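S.K.:
Protein chains in written order, with the authors' numbering: chain A, 23 to 79; chain D, 23 to 79; chain F, 1 to 116; chain E, 1 to 116; chain B, 1 to 116; chain C, 1 to 116.
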């Protein structure tokens with residue numbers, strides 16, 4: 023789209039400085055091995071819905 | 023009263039009398055308790071396909 | 001010979017304008033054209049009807065095995081031993097009258113006519 | 001909805017330790033392990049349960065579509081419109097108490113477990 | 001089929017101990033426990049993974065949609081057409097190895113498990 | 001300071017006709033009209049940009065947080081310690097041309113203008 027950004031550099035506040043390095047504890051590690059995986063052959067309706075979703079976006 | 027299906031009583035073959043009483047061993051004893059049951063809210067695509075199927079077939 | 005099944009046989013043979021059988025044979029047979037249809041009580045208080053078709057394969061079978069608005073729509077399977085095609089429907093005797101028994105028979109016969 | 005159908009569904013949900021939904025659009029869906037099962041009133045005064053299958057097996061001609069002594073033994077059919085393979089049983093509403101509707105669902109799920 | 005996406009899918013199915021599928025309208029679906037996940041190339045040179053939820057609860061401006069140090073942290077959006085809630089993550093293909101694809105899928109499944 | 005992040009920052013500031021900043025601030029800021037946009041490397045080799053919306057609404061996050069063709073489409077989350085809405089996007093820093101960095105900033109500012 024429109025590629026003309028009217029910007030000036032300003033000082034970074036401490037709150038944004040801390041937000042830009044925010045961390046979250048590692049979640050659900052080892053879960054793929056606990057649950058296991060298998061190839062799925064879902065509903066024809068689900069296949070069509072996947073196609074319609076990926077084509078609309 | 024009369025008409026429609028034209029038919030006549032005939033003898034029954036013994037193979038047919040054997041087929042008419044065939045049995046299978048009971049299956050799935052306690053299966054619902056082992057697998058468990060929960061109400062499902064499937065894809066709206068699944069629900070629409072179910073509506074089409076139960077309305078047309 | 002359970003009473004409900006005997007009454008069902010009597011009402012069906014009245015709908016077919018046939019004399020009601022007098023010997024309590026458990027499984028009865030009616031010849032509707034080339035269709036040898038068999039009636040039985042299987043299980044108790046359930047009227048089962050089934051006929052045998054010629055051939056083994058069928059490209060219009062699994063669609064016949066889909067439910068429809070009519071519970072009397074016959075199921076198409078095969079003989080356990082051997083591989084003969086088989087058409088069968090079943091109704092609960094405790095909820096039937098003469099007309100619905102006749103409907104079960106005519107549905108079995110119509111399906112035997114359509115297949116394959 | 002049909003009060004008979006609602007009472008039957010309520011008995012089933014009592015048999016499953018599940019809260020009964022208040023007037024849900026006919027077709028309900030239950031997750032029984034990996035099996036997505038669907039209940040509906042189809043036709044009127046009848047309860048139809050069915051689950052969709054993926055690929056393994058033969059829906060054209062199989063032992064599954066042969067009648068046994070259990071009317072709740074499901075049929076393996078195929079929707080010709082969508083091509084989806086379905087496993088379905090059906091029981092009349094006026095023939096269903098808690099035990100019988102639980103048995104219907106359990107037989108459906110057992111036949112689903114048999115075909116992987 | 002983009003060879004990068006082909007190799008990425010192959011590495012993923014190797015990390016999951018599964019036979020690698022072929023190039024055949026490759027919008028793949030994997031059953032990770034009770035979670036149906038979908039893999040696609042969207043956009044070009046980007047591996048996208050996503051799973052559909054059933055809830056309509058606390059899906060707007062959640063902590064899930066806040067960035068973390070993990071680029072594979074899934075985002076929870078909603079399809080305006082089907083109304084479905086989708087949990088998704090994405091990674092550029094040209095920088096992927098087996099460990100990162102495994103990590104992407106694992107974070108997707110973890111967030112899907114912790115959102116019921 | 002990572003040469004990838006410093007090079008991307010240099011290219012972005014050249015694209016904005018601004019002097020390239022020094023290696024002091026790890027997190028930089030740009031006042032694009034009413035939007036205070038913060039640039040950072042989080043994680044390593046990932047250019048993250050985010051702006052804190054001064055409060056516009058909560059129901060706009062569902063469709064906004066759904067993936068699209070552009071990986072730079074901003075995500076609308078919420079800081080669980082403040083409650084204020086945060087718009088943010090992120091790109092891997094490897095081989096980012098000037099146009100792509102400027103496009104990420106464009107997307108962030110445009111979505112901050114739109115929502116709600």
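From the three backbone atoms N, C-alpha and C, an ideal C-beta is built for every residue, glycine too.
Once you ignore the five residues that flank residue 107 of chain E on each side, which residues in its own chain have a CB closer than 7 Å to its CB?
M.R.: The sequence position of residue 107 of chain E within the fourth chain is 107, counting from 1. Around residue 107 of chain E: 70, 72, 73, 74, 89.
S.K.: Hey, is the region 6-17 of chain B in contact with the region 79-99 of chain B, meaning 3+ C-beta pairs nearer than 8 Å?
M.R.: yes
S.K.: When we look at the beta-carbon of residue 62 of chain F and count the other beta-carbons within 10 Å, is it buried (16 or more) or exposed?
M.R.: Numbered from its first residue, the third chain carries residue 62 of chain F at position 62. Buried, since its Cβ has 16 or more Cβ neighbours within 10 Å.
S.K.: What would DSSP say about residue 98 of chain C, mapped onto helix, strand or coil?
M.R.: Residue numbering aside, residue 98 of chain C sits at position 98 when the sixth chain is read from its first letter. In the structure shown, residue 98 of chain C sits in a helix (DSSP, three-state: H, G or I).
S.K.: Run through DSSP, which three-state label would residue 91 of chain F get?
M.R.: Working through the third chain from its first residue, we reach residue 91 of chain F at position 91. The answer is strand: DSSP assigns residue 91 of chain F an E or B state.
S.K.: With H, G and I counted as helix, E and B as strand and the rest as coil, what does DSSP make of residue 2 of chain D?
M.R.: With chain D represented from 23 up to 79, any question about residue 2 of chain D goes unanswered, as that position is not in the structure.
S.K.: Could you name the residues of the region 76-92 of chain E whose beta carbon sits closer than 8 Å to any beta carbon of chain A, in the order they occur along the chain?
M.R.: Contact annotation: in the region 76-92 of chain E, residues whose CB is within less than 8 Å of a CB in chain A are 82, 83, 84.
S.K.: Kindly list, in the order they appear in chain D, the residues whose Cβ is closer than 8 Å to that of residue 6 of chain B.
M.R.: On the fifth chain, position 6 is the one that residue 6 of chain B refers to. None at all; the shortest Cβ gap to chain D is about 28 Å.
S.K.: Just to confirm the assignment, what range does the alpha helix (DSSP H) spanning residue 26 of chain C have?
M.R.: On the sixth chain, residue 26 of chain C is found 26 positions in, with the first residue counted as 1. From DSSP, residue 26 of chain C is part of no alpha helix (DSSP H); its letter is neither H nor E.
S.K.: What whole-angstrom Cβ distance do residue 4 of chain F and residue 93 of chain F have, given they're in contact under 8 Å?
M.R.: Residue mapping note: residue 4 of chain F aligns to position 4 of the third chain, counting from 1. Residue mapping note: residue 93 of chain F aligns to position 93 of the third chain, counting from 1. The Cβ separation is near 4 Å, so the contact holds.
S.K.: Closest Cβ-Cβ distance between residue 56 of chain A and chain E: below 7 Å?
M.R.: Stepping through the first chain from its first residue, residue 56 of chain A is reached at position 34. Closer than 7 Å: no.
S.K.: Excluding the 5 residues flanking residue 11 of chain C on each side, which residues of the same chain have their C-beta closer than 6 Å to its C-beta?
M.R.: Position 11 of the sixth chain holds residue 11 of chain C. Residues 98, 101 of the same chain have their beta carbon placed closer than 6 Å to that of residue 11 of chain C, with the five preceding and five following residues left out of the count.
S.K.: Which partner residues of residue 38 of chain B appear in the DSSP bridge assignment?
M.R.: Taking the first residue of the fifth chain as position 1, residue 38 of chain B is located at position 38. The partner list for residue 38 of chain B (beta bridge, DSSP) reads B/29, B/50.
S.K.: Within this structure, are the beta carbons of residue 116 of chain F and residue 45 of chain F separated by less than 7 Å?
M.R.: On the third chain, residue 116 of chain F is found 116 positions in, with the first residue counted as 1. On the third chain, residue 45 of chain F is found 45 positions in, with the first residue counted as 1. For residue 116 of chain F and residue 45 of chain F, no; Cβs fall outside 7 Å.
S.K.: Count the CB pairs spanning the region 46-56 of chain C and the region 56-76 of chain A that are closer than 8 Å, and state whether there are at least three.
M.R.: no
S.K.: Beta carbon of residue 42 of chain E, beta carbon of residue 76 of chain D: below 7 Å?
M.R.: As a working mapping, residue 42 of chain E is identified with position 42 in the fourth chain. As a working mapping, residue 76 of chain D is identified with position 54 in the second chain. Going by C-beta atoms, residue 42 of chain E is nearer than 7 Å to residue 76 of chain D.
S.K.: Please confirm whether residue 35 of chain F and residue 29 of chain F have their CB atoms less than 7 Å apart.
M.R.: Residue numbering aside, residue 35 of chain F sits at position 35 when the third chain is read from its first letter. Residue numbering aside, residue 29 of chain F sits at position 29 when the third chain is read from its first letter. No.
S.K.: Could you say which of F/68, F/82, F/85 lies nearest to residue 80 of chain E if we only look at CA atoms?
M.R.: Translated into positions along the fourth chain, residue 80 of chain E becomes position 80. Here the closest residue by C-alpha is F/68.
S.K.: Chain E beta carbons: is any one of them nearer than 7 Å to that of residue 47 of chain D?
M.R.: Position 25 of the second chain holds residue 47 of chain D. No - not a single Cβ of chain E is within 7 Å of the one on residue 47 of chain D.
S.K.: Any heavy atom of the ligand MG closer than 6 Å to the Cβ of residue 39 of chain D?
M.R.: Absence of the ligand MG is noted for the structure shown, with no ligands found whatsoever.
S.K.: Would you verify that the beta carbon of residue 24 of chain A is, or is not, closer than 7 Å to some beta carbon of chain B?
M.R.: One-based indexing of the first chain puts residue 24 of chain A at position 2. Not one chain B Cβ lies under 7 Å of residue 24 of chain A.
S.K.: Please work out which residues of its chain come closer than 7 Å, Cβ to Cβ, to residue 65 of chain F, disregarding the five sequence neighbours upstream and downstream, and give them in chain order.
M.R.: Residue 65 of chain F sits at position 65 when you count from the first residue of the third chain. Closer than 7 Å at the Cβ level, and outside the excluded window around residue 65 of chain F, lie 75, 76.
S.K.: Would you give the residue range spanned by the alpha helix (DSSP H) that residue 39 of chain D belongs to?
M.R.: As a working mapping, residue 39 of chain D is identified with position 17 in the second chain. Its alpha helix (DSSP H) spans residues 36-41.
S.K.: Could you check where the alpha helix (DSSP H) with residue 56 of chain A kicks off and where it finishes?
M.R.: Locating residue 56 of chain A in the first chain gives position 34, counting from the first residue. First-last of the alpha helix (DSSP H) with residue 56 of chain A: 53-57.
S.K.: Roughly how many angstroms lie between the CA atoms of residue 49 of chain F and residue 60 of chain F, to the nearest whole one?
M.R.: Reading the third chain from its first residue, position 49 is the one you call residue 49 of chain F. Reading the third chain from its first residue, position 60 is the one you call residue 60 of chain F. Taking the straight line from one Cα to the other gives about 21 Å.
S.K.: Can you give me, in chain order, the residues of the region 59-71 of chain E that have a beta carbon less than 8 Å from any beta carbon in chain F?
M.R.: 59, 60, 61, 62, 63, 64, 65, 66, 67, 69, 70, 71
S.K.: Once you ignore the five residues that flank residue 1 of chain C on each side, which residues in its own chain have a CB closer than 6 Å to its CB?
M.R.: Counting from one through the sixth chain, the residue named residue 1 of chain C turns up at place 1. Cβ neighbours of residue 1 of chain C beyond the five flanking positions: 23.
S.K.: Measure the beta-carbon distance from residue 109 of chain B to residue 50 of chain A and round it to whole angstroms, keeping in mind my assumption that it falls under 8 Å.
M.R.: Counting from 1 along the fifth chain, the entry for residue 109 of chain B is found at position 109. Counting from 1 along the first chain, the entry for residue 50 of chain A is found at position 28. Sure, about 7 Å apart at Cβ, within 8 Å.
S.K.: Any beta carbon of chain A sitting closer than 7 Å to that of residue 25 of chain C?
M.R.: Residue 25 of chain C sits at position 25 when you count from the first residue of the sixth chain. Yes, because at least one Cβ of chain A sits closer than 7 Å to the Cβ of residue 25 of chain C.
S.K.: Under a CB-based cut-off of 7 Å, is residue 95 of chain F close to chain E?
M.R.: On the third chain, residue 95 of chain F is found 95 positions in, with the first residue counted as 1. For residue 95 of chain F, the closest Cβ of chain E is nearer than 7 Å.
S.K.: What residue does the beta strand (DSSP E) around residue 31 of chain A start on, and which one ends it?
M.R.: Taking the first residue of the first chain as 1, we reach residue 31 of chain A at position 9. Its beta strand (DSSP E) spans residues 29-32.
S.K.: Any C-beta of chain H sitting closer than 7 Å to the C-beta of residue 33 of chain B?
M.R.: Given the protein chain composition of this structure (A, D, F, E, B and C), no chain H is represented.
S.K.: Would you kindly work out how many angstroms separate the C-alpha atoms of residue 21 of chain C and residue 52 of chain A, rounded to a whole number?
M.R.: As a position in the sixth chain, residue 21 of chain C is number 21, starting the count at 1. As a position in the first chain, residue 52 of chain A is number 30, starting the count at 1. Rounded to whole angstroms, residue 21 of chain C to residue 52 of chain A spans 42 Å at the Cα level.
S.K.: I'd like the list of long-range same chain contacts for residue 112 of chain F, defined as Cβ closer than 6 Å, with 5 residues on each side in sequence excluded.
M.R.: Here the question's residue 112 of chain F lines up with position 112 in the third chain. Result list for residue 112 of chain F: 35, 51, 87, in chain order.
S.K.: So for residue 44 of chain D, helix, strand or coil by DSSP?
M.R.: Taking the first residue of the second chain as position 1, residue 44 of chain D is located at position 22. Residue 44 of chain D carries a coil assignment under DSSP once its states are collapsed to helix, strand and coil.
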